[PDB]
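Asks: First the structure, then my questions, so here it is.
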Amino acid sequence: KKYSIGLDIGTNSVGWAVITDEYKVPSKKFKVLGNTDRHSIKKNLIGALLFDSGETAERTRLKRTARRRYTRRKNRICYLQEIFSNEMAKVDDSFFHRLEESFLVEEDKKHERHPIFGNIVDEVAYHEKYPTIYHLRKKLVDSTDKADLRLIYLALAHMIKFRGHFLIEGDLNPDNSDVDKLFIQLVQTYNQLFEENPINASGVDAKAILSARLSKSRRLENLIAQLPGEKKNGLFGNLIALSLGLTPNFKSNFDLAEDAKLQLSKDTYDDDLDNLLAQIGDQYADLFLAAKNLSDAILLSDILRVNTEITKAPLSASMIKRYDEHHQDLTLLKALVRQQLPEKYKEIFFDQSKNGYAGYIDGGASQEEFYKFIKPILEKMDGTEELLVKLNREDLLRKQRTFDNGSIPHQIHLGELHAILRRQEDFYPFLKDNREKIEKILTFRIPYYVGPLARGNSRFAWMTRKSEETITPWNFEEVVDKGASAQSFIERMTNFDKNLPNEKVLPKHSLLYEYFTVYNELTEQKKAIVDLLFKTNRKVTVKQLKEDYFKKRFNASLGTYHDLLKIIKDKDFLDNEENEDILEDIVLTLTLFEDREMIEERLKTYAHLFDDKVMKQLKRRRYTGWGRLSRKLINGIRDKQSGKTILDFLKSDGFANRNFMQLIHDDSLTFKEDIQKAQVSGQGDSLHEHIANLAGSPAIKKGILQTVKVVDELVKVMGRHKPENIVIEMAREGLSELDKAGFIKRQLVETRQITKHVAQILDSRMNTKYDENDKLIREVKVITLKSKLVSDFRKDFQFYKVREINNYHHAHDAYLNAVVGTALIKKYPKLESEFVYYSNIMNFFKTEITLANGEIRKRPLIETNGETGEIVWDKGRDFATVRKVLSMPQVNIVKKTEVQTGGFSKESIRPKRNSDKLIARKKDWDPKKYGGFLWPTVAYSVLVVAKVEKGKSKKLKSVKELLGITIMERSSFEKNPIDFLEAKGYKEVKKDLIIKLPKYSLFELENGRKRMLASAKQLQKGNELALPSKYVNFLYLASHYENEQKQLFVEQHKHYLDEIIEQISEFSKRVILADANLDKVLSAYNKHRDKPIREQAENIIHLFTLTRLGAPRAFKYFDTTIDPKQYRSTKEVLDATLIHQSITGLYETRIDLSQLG
DNA sequence: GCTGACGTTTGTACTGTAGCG
RNA sequence: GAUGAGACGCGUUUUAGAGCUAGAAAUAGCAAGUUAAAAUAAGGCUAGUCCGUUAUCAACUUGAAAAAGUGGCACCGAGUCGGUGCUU
DNA sequence: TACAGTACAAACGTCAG
């Protein structure tokens, strides 16, 4: 007999349901394997697979980047120490070894305690002479003294490590460092985006309003009070506030519906800024870059404020003069305190937990916590005004290692490098011989297009070698094949157009992209409009359109047409038609790279077009990002009837215009057929490659894979017979004949490309037969549904969903996918070109139709299709079946058992203490002496039966125990489990009996109670409530008590509130075992029953957190908060029935673990 | 979010200890 | 909304930065403090200025692995699946 | 020889990241 499937593919679950011709689900009796006494189990063929959500590579990428950064940093040091190696070995033989084991305690350390000089006199006197490394650094710069080589090393290393940033290109000049010149460039950028309401920098001295001895807020308001055209709430004002490192609300400016807060000091500023630009435009990107550059410049004028000489180590000198300022302010504060406020001293300067100077130096407090502790203490205190104003301009008792040190360029460290090096060349000859080598060590940066410097063994790299020898800062220029590496960067980094695959996506400031998007929005008058307006200003207002042309604002812009007209300065060149592709490749070099030499090497191909000054400016220009479209989509394909391209149709289209999405979607044109012919993957792909070829989140792709697997298993069930229909939903998180048809399309048809891709995967998986001709035979037809059809079925037919009760709702939604899609496909035979891979198509389920006049019109109760004579939907019989299935108490819910993968532990390194639970950070490093990590991630648990040592008599006591293999020791456990377990103290373990138990491994124990494994030390809730349809339909309708017969349905059935509460009571006594929670709940229901039914229901809807599957989690009922009963034990599952579940969950293998021992 | 860290806060083995002249 | 490449700044951890004074003291008073080295997943071998947190994974039989293979039907009912009748 | 003194091992909240 024929059957169908429906699937509810969410980000966290895949509902699956099997339905016969009649919409009823089967219920096969499945075979059970293993040592239990149930040889079979009856299961309904409906279910949902639950799984933890597929996460992005982003955090792995961030970690990987950190790992490379640290490795290259201590190669930078190793290169330094190699250069110093022989000559240090003379000047102080053990010095680099003393610096190597500096982290060690004295018993572990082979050499002396004090790392620099060995002895306590010279090292203490180093620190007295130099309390901060910047004292040594400015000494070595200022002072031609023949200083001890150890000190040379320490300053050079404190610059080669911690070398600042590489954002300023070439040398340091006032055109890219002075706050004045840059504020001038920022106002030019503001006036470039907004030619309306500009401002003039001539009234504002950014060297003295900015960088003044006042706060961010004083300087902001002094700046506003000298701008004629602006005000502190406005756009330019918030840009300066942000530059000032304050946190403005640009949503007040762009009139955004959600809030939009920005702070340049914040570590997620890039994400927030990117959301801001998705929301406001792309034109703003050079405005915000100029404001970021201004923040870095005023940060540089604030940090570099000592100016006693131009060569005079200006960073080190300021860190010193700050130490001077800090030690006088600290002498002042301590004296102030102990003479005029004699108590409270200890909480400030000794406590070490509180946010005073104790916690600020000695403990864990940051400068902002310290300012929020100290401000309430300088307030209500006298004589302290000089300190309070230092705190107000955030200068009070600053550290030298702060969050602001990321403003420091590498040219500052190179000038101090060069000063130190060629201040001591004439005393150390190897400092002259290798000064170019050390200056390369700090200056060298691997370019963005070369990647990791692999030797074939990297997944990530593409670097191409001109020589087979070891890469270095010095030999990089010749051992890397830069050209081949950059061509490999070109070919790896180009993404591909999802509309037309295997075609490179354009740079998003491509000029063919610009002409296209302006024309697309603007849909010979077009030609006149763009030549007169869009080629003459960056953003055409509709007032200008009417005044300049209708007499005789638009989002889209030719901004790069304007940039190039500004930069290369001859207009007749950019309007010239054969000059498109030179310029397409210029914008492509210029968006692809961020390196000076690679841009210059590629622009050298064009050195004959433009003069070396504008070429210099063109290489100084830089663009970022990428569009969603390829030139073969915009201007390559062409219609076979009319004989023009998409772009030509955008330019001329007759009397009636079409948008780009219509040039794709239009039936009449041949673009859609060419696109759908091209949509397949080149030369094909595997299942896994195809899902990694889809356009979506990894969680959705995980759902798509679990969908494919539950389908392949729902045909491994019921004898390899394929389903006649598969219905898919990707979950949501008058009229003329062509308009009646458009309202059918509006109802029935998926707009989201991911689901069509799912239908393609399932189709190509299921359908594998062919004619004598090339014609496909498709044994399965794959249906894509839409949630509104389902949700209308749910809402209209009193058939409601409220997802707090149980995870059955995923399975019920897939059953709803199955019945709605399978009724639709036999109701409408001729419409299978319209959803397989009268106008309100949903009305065939209805009993009665309410018309626009108010009147009522009836339908047949049995609903049938006239094109076949087939019965399709028997109201009151299929409608009754679906209510049975939604009520039905057994639904297979499988939490996918998963090996936990991820970080070895939580990231924070905890201090040293006598606890055994600490995870050693190295193998040499005893946690009792060094500290270490905590909260290791259990990768999987393992059931071990063994002897272990017991008592002072050292008995070999036999134990069955659940041991947590952590992610760290998974590799060693899987290398040899016997010797790992023997090293864990488990003796003569039974190898054939060892049972691997990943997270969410399921056990059944008593009275049907199921409990599942979070870890060898923690368990989670298994079962869930079968509340029959009446109770769930009630509790939706009651929680939505606030059509009126639906309110009366809730004032009737009052007792269902009591019945639901006693069913959850019964159940959680049976399964949840949180007695004091049920007692609180039953007595609180007695306490609060006088609250309205609507309030009752909405609180009981939250109360199912008492029963929901998985982790115990806190919840509330009116005034009362109920805390989780955490199952931090595992002793019982050792004698439970372990269940190994199939990915659908139908097939089972059950191990009664009590039989093991 | 939710596994586990880290205390308190109870519940189990081992040695003492018992009015006496 | 996927993914990748180059740098930074901190943060943490241990160590070094002589503490002093008393006095039986489980440390009180005072003084000090700003910095640095090192490590930043353990580590791995093809030994690279690389790789190590994404994806993937119920169980059983073959297979180094890749991978393939493993569970009768229908009915009547439903507390998470229970029961009856044919069949091998 | 039953209970007392008391050194020792599971369980039960709030943090912690």
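Letters for chains follow the order of the structure tokens (A, B, ...), residue numbers begin at 1 for each chain, and ligand numbers begin at 1 in the order shown.
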I want to know what sits within 12 Å of residue 5 in chain D, based on only C-alpha atoms (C1' of nucleotides), with residues of the same chain fewer than 6 positions away left out; could you give that as a list in words?
Replies: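 Residues near the query, excluding close chain neighbours: residues 14, 15, 16 and 17 of chain B.
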Asks: Using only C-alpha atoms (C1' of nucleotides) and a distance of at most 8 Å, pull out the residues of chain C that contact chain A, as a ChimeraX atom specification.
Replies: /C:1-2,4-10,12-18,33-38,41-42,46,48-51,53-54,57-59,71,78-81
Asks: Residues within 9 Å of range 3-12 of chain B, please, as a list in words. Count only C-alpha atoms (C1' of nucleotides); anything in the same chain fewer than 4 positions from it doesn't count.
Replies: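 Listed by chain and then number, they are residues 917, 934, 935, 936, 937, 1014, 1015, 1017 and 1018 of chain A; 8, 9, 10, 11, 12, 13, 15 and 16 of chain D.
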Asks: Go ahead and write the selection's residues with N, CA, C and O atoms (P, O5', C5', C4', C3', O3' and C1' of nucleotides) as a PDB file, in the first residue's frame.
Replies:
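Result saved to selection_6.pdb:
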```pdb
ATOM      1  N   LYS A 917      41.547  18.794  41.347  1.00  0.00           N
ATOM      2  CA  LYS A 917      40.738  18.918  40.139  1.00  0.00           C
ATOM      3  C   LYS A 917      41.323  19.855  39.090  1.00  0.00           C
ATOM      4  O   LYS A 917      40.754  19.938  37.996  1.00  0.00           O
ATOM      5  N   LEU A 934      40.014  24.604  34.591  1.00  0.00           N
ATOM      6  CA  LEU A 934      38.914  23.927  35.258  1.00  0.00           C
ATOM      7  C   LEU A 934      37.722  23.838  34.317  1.00  0.00           C
ATOM      8  O   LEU A 934      37.690  24.464  33.253  1.00  0.00           O
ATOM      9  N   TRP A 935      36.740  23.048  34.740  1.00  0.00           N
ATOM     10  CA  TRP A 935      35.613  22.633  33.905  1.00  0.00           C
ATOM     11  C   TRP A 935      36.040  21.981  32.585  1.00  0.00           C
ATOM     12  O   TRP A 935      35.705  22.485  31.506  1.00  0.00           O
ATOM     13  N   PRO A 936      36.754  20.848  32.635  1.00  0.00           N
ATOM     14  CA  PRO A 936      37.020  20.096  31.406  1.00  0.00           C
ATOM     15  C   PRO A 936      35.732  19.590  30.778  1.00  0.00           C
ATOM     16  O   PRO A 936      34.790  19.193  31.468  1.00  0.00           O
ATOM     17  N   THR A 937      35.705  19.601  29.455  1.00  0.00           N
ATOM     18  CA  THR A 937      34.543  19.119  28.731  1.00  0.00           C
ATOM     19  C   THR A 937      34.565  17.607  28.613  1.00  0.00           C
ATOM     20  O   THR A 937      35.493  17.039  28.026  1.00  0.00           O
ATOM     21  N   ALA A1014      24.140  14.092  30.382  1.00  0.00           N
ATOM     22  CA  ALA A1014      24.919  15.290  30.109  1.00  0.00           C
ATOM     23  C   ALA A1014      26.402  15.007  30.330  1.00  0.00           C
ATOM     24  O   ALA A1014      27.243  15.639  29.689  1.00  0.00           O
ATOM     25  N   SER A1015      26.743  14.155  31.299  1.00  0.00           N
ATOM     26  CA  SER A1015      28.140  13.864  31.614  1.00  0.00           C
ATOM     27  C   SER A1015      28.150  12.715  32.607  1.00  0.00           C
ATOM     28  O   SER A1015      27.140  12.429  33.247  1.00  0.00           O
ATOM     29  N   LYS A1017      29.060  12.910  35.392  1.00  0.00           N
ATOM     30  CA  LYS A1017      28.677  13.474  36.676  1.00  0.00           C
ATOM     31  C   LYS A1017      27.296  14.137  36.685  1.00  0.00           C
ATOM     32  O   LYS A1017      26.898  14.667  37.727  1.00  0.00           O
ATOM     33  N   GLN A1018      26.547  14.115  35.576  1.00  0.00           N
ATOM     34  CA  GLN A1018      25.294  14.866  35.456  1.00  0.00           C
ATOM     35  C   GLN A1018      24.313  14.206  34.482  1.00  0.00           C
ATOM     36  O   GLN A1018      24.718  13.694  33.438  1.00  0.00           O
TER      37      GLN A1018
ATOM     38  P    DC D   8      41.386  11.362  59.227  1.00  0.00           P
ATOM     39  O5'  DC D   8      40.135  10.980  58.305  1.00  0.00           O
ATOM     40  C5'  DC D   8      39.934   9.626  57.916  1.00  0.00           C
ATOM     41  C4'  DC D   8      38.537   9.423  57.357  1.00  0.00           C
ATOM     42  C3'  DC D   8      38.250  10.138  56.038  1.00  0.00           C
ATOM     43  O3'  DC D   8      38.434   9.252  54.935  1.00  0.00           O
ATOM     44  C1'  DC D   8      36.374  10.119  57.551  1.00  0.00           C
ATOM     45  P    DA D   9      38.279   9.798  53.428  1.00  0.00           P
ATOM     46  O5'  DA D   9      36.723   9.593  53.081  1.00  0.00           O
ATOM     47  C5'  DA D   9      36.222   8.285  52.801  1.00  0.00           C
ATOM     48  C4'  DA D   9      34.712   8.289  52.574  1.00  0.00           C
ATOM     49  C3'  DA D   9      34.235   8.861  51.238  1.00  0.00           C
ATOM     50  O3'  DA D   9      33.111   8.118  50.782  1.00  0.00           O
ATOM     51  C1'  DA D   9      33.236  10.061  52.991  1.00  0.00           C
ATOM     52  P    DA D  10      32.621   8.219  49.254  1.00  0.00           P
ATOM     53  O5'  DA D  10      31.288   9.104  49.339  1.00  0.00           O
ATOM     54  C5'  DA D  10      30.253   8.944  48.366  1.00  0.00           C
ATOM     55  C4'  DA D  10      28.891   9.220  48.983  1.00  0.00           C
ATOM     56  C3'  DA D  10      27.941  10.047  48.125  1.00  0.00           C
ATOM     57  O3'  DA D  10      26.590   9.766  48.485  1.00  0.00           O
ATOM     58  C1'  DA D  10      28.552  11.299  50.014  1.00  0.00           C
ATOM     59  P    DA D  11      25.379  10.236  47.537  1.00  0.00           P
ATOM     60  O5'  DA D  11      24.954  11.669  48.113  1.00  0.00           O
ATOM     61  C5'  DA D  11      23.811  11.784  48.967  1.00  0.00           C
ATOM     62  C4'  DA D  11      23.534  13.234  49.341  1.00  0.00           C
ATOM     63  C3'  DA D  11      23.015  14.119  48.198  1.00  0.00           C
ATOM     64  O3'  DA D  11      22.060  15.065  48.701  1.00  0.00           O
ATOM     65  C1'  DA D  11      24.906  15.087  49.105  1.00  0.00           C
ATOM     66  P    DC D  12      21.033  15.794  47.700  1.00  0.00           P
ATOM     67  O5'  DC D  12      20.131  16.720  48.648  1.00  0.00           O
ATOM     68  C5'  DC D  12      20.646  17.227  49.881  1.00  0.00           C
ATOM     69  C4'  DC D  12      21.216  18.634  49.722  1.00  0.00           C
ATOM     70  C3'  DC D  12      20.645  19.475  48.569  1.00  0.00           C
ATOM     71  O3'  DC D  12      20.043  20.659  49.096  1.00  0.00           O
ATOM     72  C1'  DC D  12      22.997  19.688  48.728  1.00  0.00           C
ATOM     73  P    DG D  13      19.009  21.519  48.213  1.00  0.00           P
ATOM     74  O5'  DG D  13      19.943  22.246  47.129  1.00  0.00           O
ATOM     75  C5'  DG D  13      19.759  23.613  46.796  1.00  0.00           C
ATOM     76  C4'  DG D  13      20.504  24.522  47.762  1.00  0.00           C
ATOM     77  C3'  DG D  13      20.764  25.923  47.248  1.00  0.00           C
ATOM     78  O3'  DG D  13      20.748  26.842  48.327  1.00  0.00           O
ATOM     79  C1'  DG D  13      22.828  24.722  47.447  1.00  0.00           C
ATOM     80  P    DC D  15      25.044  33.274  44.734  1.00  0.00           P
ATOM     81  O5'  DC D  15      26.254  32.630  43.909  1.00  0.00           O
ATOM     82  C5'  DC D  15      27.412  33.403  43.609  1.00  0.00           C
ATOM     83  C4'  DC D  15      28.608  32.494  43.394  1.00  0.00           C
ATOM     84  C3'  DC D  15      29.445  32.789  42.149  1.00  0.00           C
ATOM     85  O3'  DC D  15      30.808  32.439  42.394  1.00  0.00           O
ATOM     86  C1'  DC D  15      28.606  30.634  41.986  1.00  0.00           C
ATOM     87  P    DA D  16      31.994  33.158  41.584  1.00  0.00           P
ATOM     88  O5'  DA D  16      32.947  31.948  41.131  1.00  0.00           O
ATOM     89  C5'  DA D  16      32.396  30.790  40.479  1.00  0.00           C
ATOM     90  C4'  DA D  16      32.955  30.605  39.068  1.00  0.00           C
ATOM     91  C3'  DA D  16      33.004  31.843  38.201  1.00  0.00           C
ATOM     92  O3'  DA D  16      33.928  31.598  37.136  1.00  0.00           O
ATOM     93  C1'  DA D  16      31.362  30.438  37.352  1.00  0.00           C
TER      94       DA D  16
END
```
Asks: In Å, how far is it from CA of residue 841 in chain A to CA of residue 796 in chain A?
Replies: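 These two atoms are separated by 14.4 Å.
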Asks: Quick one, how far is CA of residue 315 in chain A from CA of residue 334 in chain A?
Replies: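 Atom-to-atom, CA of residue 315 in chain A to CA of residue 334 in chain A, that is 28.0 Å.
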Asks: Looking only at the backbone, which of the residues in range 833-989 of chain A does DSSP tag as alpha helix (DSSP H), as a PyMOL selection string?
Replies: chain A and resi 878-887+927-930+967-975+977-983
Asks: With N, CA and C atoms retained, write the just-selected residues as a PDB file, in the first residue's frame.
Replies:
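Once written, selection-v2.pdb looks like this:
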```
ATOM      1  N   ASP A 878     -11.048  12.250   8.326  1.00  0.00           N
ATOM      2  CA  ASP A 878      -9.584  12.499   8.264  1.00  0.00           C
ATOM      3  C   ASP A 878      -9.343  13.549   9.339  1.00  0.00           C
ATOM      4  N   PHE A 879     -10.221  14.543   9.395  1.00  0.00           N
ATOM      5  CA  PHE A 879     -10.188  15.539  10.459  1.00  0.00           C
ATOM      6  C   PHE A 879     -10.175  14.888  11.856  1.00  0.00           C
ATOM      7  N   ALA A 880     -10.913  13.781  12.018  1.00  0.00           N
ATOM      8  CA  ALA A 880     -10.835  13.041  13.274  1.00  0.00           C
ATOM      9  C   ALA A 880      -9.510  12.301  13.408  1.00  0.00           C
ATOM     10  N   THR A 881      -9.022  11.726  12.307  1.00  0.00           N
ATOM     11  CA  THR A 881      -7.708  11.027  12.334  1.00  0.00           C
ATOM     12  C   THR A 881      -6.629  11.999  12.815  1.00  0.00           C
ATOM     13  N   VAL A 882      -6.534  13.171  12.185  1.00  0.00           N
ATOM     14  CA  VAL A 882      -5.489  14.120  12.566  1.00  0.00           C
ATOM     15  C   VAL A 882      -5.625  14.525  14.038  1.00  0.00           C
ATOM     16  N   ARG A 883      -6.865  14.637  14.562  1.00  0.00           N
ATOM     17  CA  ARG A 883      -6.970  14.915  16.000  1.00  0.00           C
ATOM     18  C   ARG A 883      -6.472  13.738  16.859  1.00  0.00           C
ATOM     19  N   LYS A 884      -6.735  12.490  16.428  1.00  0.00           N
ATOM     20  CA  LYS A 884      -6.140  11.318  17.094  1.00  0.00           C
ATOM     21  C   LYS A 884      -4.616  11.393  17.122  1.00  0.00           C
ATOM     22  N   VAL A 885      -4.001  11.612  15.962  1.00  0.00           N
ATOM     23  CA  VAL A 885      -2.540  11.680  15.863  1.00  0.00           C
ATOM     24  C   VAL A 885      -1.963  12.810  16.714  1.00  0.00           C
ATOM     25  N   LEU A 886      -2.580  14.005  16.693  1.00  0.00           N
ATOM     26  CA  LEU A 886      -2.068  15.050  17.584  1.00  0.00           C
ATOM     27  C   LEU A 886      -2.229  14.693  19.065  1.00  0.00           C
ATOM     28  N   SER A 887      -3.250  13.908  19.419  1.00  0.00           N
ATOM     29  CA  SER A 887      -3.465  13.488  20.805  1.00  0.00           C
ATOM     30  C   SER A 887      -2.541  12.369  21.299  1.00  0.00           C
ATOM     31  N   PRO A 927      49.850  21.699  38.790  1.00  0.00           N
ATOM     32  CA  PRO A 927      48.788  22.625  39.227  1.00  0.00           C
ATOM     33  C   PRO A 927      48.886  23.084  40.675  1.00  0.00           C
ATOM     34  N   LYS A 928      49.457  22.274  41.576  1.00  0.00           N
ATOM     35  CA  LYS A 928      49.633  22.710  42.966  1.00  0.00           C
ATOM     36  C   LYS A 928      50.579  23.900  43.104  1.00  0.00           C
ATOM     37  N   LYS A 929      51.378  24.173  42.078  1.00  0.00           N
ATOM     38  CA  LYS A 929      52.393  25.210  42.064  1.00  0.00           C
ATOM     39  C   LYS A 929      52.183  26.248  40.971  1.00  0.00           C
ATOM     40  N   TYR A 930      51.351  25.957  39.977  1.00  0.00           N
ATOM     41  CA  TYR A 930      51.159  26.822  38.831  1.00  0.00           C
ATOM     42  C   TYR A 930      49.717  27.168  38.493  1.00  0.00           C
ATOM     43  N   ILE A 967      37.600  15.788  26.670  1.00  0.00           N
ATOM     44  CA  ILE A 967      38.143  16.043  25.320  1.00  0.00           C
ATOM     45  C   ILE A 967      39.669  15.915  25.315  1.00  0.00           C
ATOM     46  N   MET A 968      40.361  16.462  26.331  1.00  0.00           N
ATOM     47  CA  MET A 968      41.822  16.259  26.406  1.00  0.00           C
ATOM     48  C   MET A 968      42.265  14.821  26.341  1.00  0.00           C
ATOM     49  N   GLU A 969      41.674  13.955  27.116  1.00  0.00           N
ATOM     50  CA  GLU A 969      42.243  12.623  27.121  1.00  0.00           C
ATOM     51  C   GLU A 969      41.550  11.670  26.165  1.00  0.00           C
ATOM     52  N   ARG A 970      40.686  12.186  25.285  1.00  0.00           N
ATOM     53  CA  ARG A 970      40.037  11.332  24.296  1.00  0.00           C
ATOM     54  C   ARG A 970      41.055  10.665  23.374  1.00  0.00           C
ATOM     55  N   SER A 971      42.084  11.408  22.958  1.00  0.00           N
ATOM     56  CA  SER A 971      43.100  10.880  22.051  1.00  0.00           C
ATOM     57  C   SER A 971      43.891   9.745  22.696  1.00  0.00           C
ATOM     58  N   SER A 972      44.333   9.946  23.939  1.00  0.00           N
ATOM     59  CA  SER A 972      45.010   8.886  24.683  1.00  0.00           C
ATOM     60  C   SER A 972      44.072   7.731  25.017  1.00  0.00           C
ATOM     61  N   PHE A 973      42.834   8.018  25.473  1.00  0.00           N
ATOM     62  CA  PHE A 973      41.886   6.918  25.681  1.00  0.00           C
ATOM     63  C   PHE A 973      41.686   6.066  24.422  1.00  0.00           C
ATOM     64  N   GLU A 974      41.469   6.690  23.266  1.00  0.00           N
ATOM     65  CA  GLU A 974      41.266   5.933  22.041  1.00  0.00           C
ATOM     66  C   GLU A 974      42.558   5.348  21.486  1.00  0.00           C
ATOM     67  N   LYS A 975      43.733   5.820  21.928  1.00  0.00           N
ATOM     68  CA  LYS A 975      44.958   5.147  21.497  1.00  0.00           C
ATOM     69  C   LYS A 975      45.082   3.775  22.154  1.00  0.00           C
ATOM     70  N   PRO A 977      42.709   2.159  25.341  1.00  0.00           N
ATOM     71  CA  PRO A 977      41.795   2.335  26.487  1.00  0.00           C
ATOM     72  C   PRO A 977      42.193   1.528  27.701  1.00  0.00           C
ATOM     73  N   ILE A 978      42.786   0.349  27.500  1.00  0.00           N
ATOM     74  CA  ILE A 978      43.190  -0.489  28.623  1.00  0.00           C
ATOM     75  C   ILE A 978      44.261   0.203  29.453  1.00  0.00           C
ATOM     76  N   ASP A 979      45.282   0.764  28.803  1.00  0.00           N
ATOM     77  CA  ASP A 979      46.347   1.370  29.596  1.00  0.00           C
ATOM     78  C   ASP A 979      45.947   2.726  30.150  1.00  0.00           C
ATOM     79  N   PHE A 980      45.100   3.484  29.432  1.00  0.00           N
ATOM     80  CA  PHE A 980      44.499   4.659  30.062  1.00  0.00           C
ATOM     81  C   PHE A 980      43.712   4.308  31.332  1.00  0.00           C
ATOM     82  N   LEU A 981      42.749   3.379  31.246  1.00  0.00           N
ATOM     83  CA  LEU A 981      42.004   2.950  32.438  1.00  0.00           C
ATOM     84  C   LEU A 981      42.896   2.390  33.543  1.00  0.00           C
ATOM     85  N   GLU A 982      43.933   1.623  33.193  1.00  0.00           N
ATOM     86  CA  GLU A 982      44.852   1.154  34.226  1.00  0.00           C
ATOM     87  C   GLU A 982      45.598   2.312  34.877  1.00  0.00           C
ATOM     88  N   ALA A 983      45.902   3.365  34.112  1.00  0.00           N
ATOM     89  CA  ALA A 983      46.474   4.575  34.693  1.00  0.00           C
ATOM     90  C   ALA A 983      45.453   5.386  35.483  1.00  0.00           C
TER      91      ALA A 983
END
```
Asks: Kindly indicate which residue among A:266, A:913, A:952, A:628 lies nearest to chain D, using only C-alpha atoms (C1' of nucleotides) for the distances.
Replies: A:952
Asks: Rounded to one decimal, what separation in Å do you get between CA of residue 1056 in chain A and CA of residue 1039 in chain A?
Replies: 12.8 Å
Asks: Might you pull out every residue within 6 Å of range 190-204 of chain A, with only C-alpha atoms (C1' of nucleotides) counted and same-chain residues fewer than 3 positions away left off, and present them as a ChimeraX atom specification?
Replies: /A:184,187,226,229
Asks: Just want the 10 Å neighbourhood of residue 556 in chain A, counted on only C-alpha atoms (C1' of nucleotides), with same-chain residues fewer than 4 positions away dropped. Output as a list in words.
Replies: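 Answer for this query is residues 281, 282, 283, 514, 515, 516, 517, 518, 519, 520, 521, 522, 534, 538, 539 and 540 of chain A.
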Asks: Based on the backbone DSSP call, show me all residues of range 709-894 of chain A assigned strand (DSSP E), as an NGL selection string.
Replies: :A and (725-730 or 769-770 or 776-777 or 781-784 or 848-850 or 856-858 or 862-865 or 870-874 or 892-894)
